[PDB]
Amino acid sequence: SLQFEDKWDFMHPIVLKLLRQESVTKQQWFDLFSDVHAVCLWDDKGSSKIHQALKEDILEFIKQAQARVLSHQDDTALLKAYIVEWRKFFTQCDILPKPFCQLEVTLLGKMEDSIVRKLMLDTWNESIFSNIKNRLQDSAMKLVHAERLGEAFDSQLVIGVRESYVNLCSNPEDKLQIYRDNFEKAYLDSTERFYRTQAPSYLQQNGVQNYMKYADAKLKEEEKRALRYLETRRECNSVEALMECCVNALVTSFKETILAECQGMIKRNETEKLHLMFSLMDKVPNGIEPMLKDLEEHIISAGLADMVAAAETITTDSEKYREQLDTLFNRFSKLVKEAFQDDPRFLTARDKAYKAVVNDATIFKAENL
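Looking at the entry header, you'll see X-ray crystallography listed as the method and 2.05 Å as the resolution.

Named according to the PDB entry, the protein chain is CULLIN-5 originating from Mus musculus.

Structural data, given as structure tokens:
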């Protein structure tokens, strides 16, 4: 007695437990593999009957899951109920198709290549996700906005929506299409809208120095948030696109306001502030160039000032001048080391400026009387 009618009543309860994430013994699990194989082998209608009854079991569970989720009128409660269901269901999408491996090999067309897994995700999408996706996305974005303003929440509420967009896409050629066009797009737009409002206001209330600390902190905050909420598994450029958006809203949008303080900072030997400027400005295309120009100009001006003060006594004590210049080079070489970490670009600018100091001092002509 190895026909579908003889075995299904023993198989059905295990399928139910696997869909509901209920306790299954190792005996029940391996016997299900054995029963699928026995029915597909011995019953001429075995493969057909197992596929249809399993399809009915999948469809019935999703109809029950739909009732629980769709019973919540409140968007917040709808999101909470969707995530509770999704977390369990999505996990089971990697489990339920496993005993049905023997069934799949008997079907035409045959984890991502699984007929059963595809059926699970397609039915979930058709009955649950597709009808409420825009509401789930809007609620996810509102939670990220609330988190930015200081309100903590269960991260799974946002993660679950992202996972749904990534996994419930119909395009074979572009599995990340609905994720990019909808979730990633809404995340990037809301991020851009948040900082376009916050950043100029913070800058005006707190000044450039405090703004730099704010931008650096926000960039670190957003990077951590994006690594948690956005798609990272599929090795896509999602976090890099989010960072590009943040760098543009926080640094690039106020690049000239920031750069205008470089000269004053070099003059006052504000190494920690200059180091913060270099870290922020190096994220922007050619953001370092005006800092290099400010450094070069300040070295040359300092050199010129020394020669102007030394020229009158040069024939009697030129050794004092060469010592003052040696002191000048030691002072600026230190600045390049502390503020700019001896970066090859800042070293190039430092050498060019030192060469210019020596050339200008050589050609310098004292005022004739």
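So, next bit.
Regarding the pattern of salt bridges
Applying the stated criterion to the full structure yields 21 salt bridges. Ionic pairing is found between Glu5 and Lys49, a salt bridge with its closest N-O pair at 2.7 Å. Linking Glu5 in helix α1 (residues 4-20) with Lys49 in helix α3 (residues 46-70), this pair joins segments that are 44 residues apart in sequence. Across the pair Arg268 and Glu270 runs a salt bridge, and its minimum N-O distance is 3.0 Å. Residue class for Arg268 comes out partly exposed when judged on its relative accessible area of 47%. It is possible to trace a salt-bridge network through shared partners that takes in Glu147, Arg148, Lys218, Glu221, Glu222 and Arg225.

A word on helix α14 (residues 318-340)
Spanning 23 residues, α14 covers 32 Å between terminal C-alpha atoms, matching the ideal 33 Å at 1.5 Å per step. On its buried face, α14 sits against α11 (262-267), α12 (271-281), α13 (289-310) and α15 (344-363). In this structure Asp317 caps α14, since a side-chain oxygen of it lies 3.2 Å from the backbone nitrogen of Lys320. Backbone geometry just downstream of α14 places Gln341 in the positive-phi region, at approximately 55 degrees.

Some points on the packing of aromatic side chains
Applying the stated criterion to the full structure yields 23 aromatic pairs. Residues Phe194 and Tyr195 carry aromatic rings whose centres are separated by 4.9 Å and whose planes lie at 80 degrees to one another, so their mutual orientation is edge-to-face. Residues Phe194 and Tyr195 agree in their burial class; the two are buried. Measuring from centroid to centroid gives 5.5 Å for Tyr211 and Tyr214, while their planes differ by 40 degrees, and the two rings are tilted. Residue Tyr211 and its partner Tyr214 are located together in helix α8 (residues 177-229), separated by three residues, close to a single helical turn. Exposure class is identical for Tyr211 and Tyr214. Each is buried. The rings of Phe61, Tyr82, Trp86, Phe89, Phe90, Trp124, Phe129, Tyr165, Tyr179, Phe183 and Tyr187 are connected pair by pair, giving a single aromatic cluster. For the cation-ring pair, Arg148 lies above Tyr187, with the distance from its terminal atom to the ring centre recorded as 5.7 Å. Looking at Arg148, its charged tip hangs above the ring of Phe194, at a distance of 5.7 Å from the centre.

Some thoughts on the packing of α3 against helix α4 (residues 75-92)
The geometry of α3 relative to α4 is characterised by a closest axis approach of 9 Å and an angle of 155 degrees between their N-to-C directions. By the angle between their directions, the pair α3 and α4 is classed as roughly antiparallel. The segment α3 lies against α4, with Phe61, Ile62, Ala65, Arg68 and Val69 engaging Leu78, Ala81, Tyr82, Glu85 and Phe89. Across the contact of α3 with α4, the residue classes break down as eight nonpolar, no polar and two charged.

Section: a nonpolar patch on the surface
Judged by side-chain polarity, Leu2, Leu41 and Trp42 come together as a nonpolar surface patch covering roughly 320 Å² of accessible area. You can call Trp42 exposed: its relative accessible area is 53%.

Details of the domain arrangement of the protein chain
Taken as a whole, the protein chain is organised into domain 1 (1-127), domain 2 (128-254) and domain 3 (255-364). With 14 residues of domain 2 at the contact, the number on the domain 3 side is 14 residues. No other element matches α8, which puts nine residues into the side of domain 2 that touches domain 3. Among the residues forming the side of domain 2 that touches domain 3, the class breakdown is nine nonpolar, three polar and two charged.

Looking at the nonpolar core
Grouped together as the largest cluster of nonpolar side chains are 120 residues, with contacts concentrated most on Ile50, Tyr82, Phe100, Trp124, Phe183, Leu250 and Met291. Here this core gets 18 residues from one element, more than from any other, and that element is α8. Not counting residues up to four positions away in its chain, the partners in contact with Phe100 are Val15, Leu32, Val36, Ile50, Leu54 and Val116.

Some details on the environment of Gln324
Note that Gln324 resides in helix α14. In sequence terms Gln324 and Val161 are 163 residues apart; their C-alpha atoms lie 66 Å from each other.

Topic: the side chain of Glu104
Structurally, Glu104 is set in helix α5 (residues 101-104). Beyond its immediate stretch of four places on either side in the chain, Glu104 contacts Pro97, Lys110, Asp113, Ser114, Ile115 and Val116.

Rules used in this analysis
- Throughout, a per-chain count from 1 in the order the sequence is written supplies the residue numbers; the entry may number residues differently, and those without coordinates are omitted.
- Note that the side-chain values use all heavy atoms of the structure and ignore hydrogens as well as water.
- Residues with missing side-chain atoms are left out of burial classes, side-chain pairs and their counts.
- Salt bridges are counted wherever a side-chain nitrogen of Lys or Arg sits within 4 Å of a carboxyl oxygen of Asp or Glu.
- Secondary structure follows DSSP: runs of H or I at least 4 residues long count as helices, runs of E at least 2 residues long count as strands, and numbering of each begins at the N terminus.
- When accessible area is computed with a 1.4 Å probe and restricted to protein chains, residues below 20% of their type maximum are described as buried, those above 50% as exposed, and intermediate ones as partly exposed.
- Multiplying 1.5 Å by the helix residue count minus one yields the expected span of that helix.
- Note on contacts: a residue pair qualifies if any of its non-hydrogen atoms lie within 4.5 Å across the two residues.
- Polar contacts, as counted here, are pairs of nitrogen or oxygen atoms within 3.5 Å of one another; within protein the pair requires one atom able to donate a hydrogen and one able to accept it, and residues that are adjacent in sequence qualify only if both atoms are side-chain atoms.
- Pairing of aromatic side chains here covers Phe, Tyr and the six-membered ring of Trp, requires ring centres within 6.5 Å, and sorts the geometry by plane angle: under 30 degrees stacked, over 60 edge-to-face, intermediate tilted.
- Note on criteria: charge over ring means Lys NZ or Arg CZ within 6 Å of the ring centre, with the direction from the centre no more than 35 degrees off the ring normal.
- Every angle, taken between N-to-C directions, lies between 0 and 180 degrees, and every axis is a line fitted to C-alpha atoms, over only the stretch in contact when it is a helix.
- Here the word oblique covers every angle except those under 35 degrees (roughly parallel), over 145 (roughly antiparallel) and from 65 to 115 (roughly perpendicular).
- In this count, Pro and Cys sit with the nonpolar residues alongside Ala, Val, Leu, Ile, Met, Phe, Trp and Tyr, while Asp, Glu, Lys and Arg are called charged and the others, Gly among them, polar.
- Patch construction takes residues with relative accessible area above 30% that form no salt bridge. Like charges are linked within 9 Å, and nonpolar side chains (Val, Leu, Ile, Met, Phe, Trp, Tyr) are linked within 5 Å.
- Throughout, the Shrake-Rupley method with a 1.4 Å probe supplies accessible areas, and for residues the shown protein chains are the sole cover considered.
- Start and end positions for the domains come from either an automated domain assignment or a database one.
- Nine residue types can take part in a nonpolar core, namely buried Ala, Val, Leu, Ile, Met, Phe, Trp, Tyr and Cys, and a core is a set of them joined through side-chain atoms within 4.5 Å.

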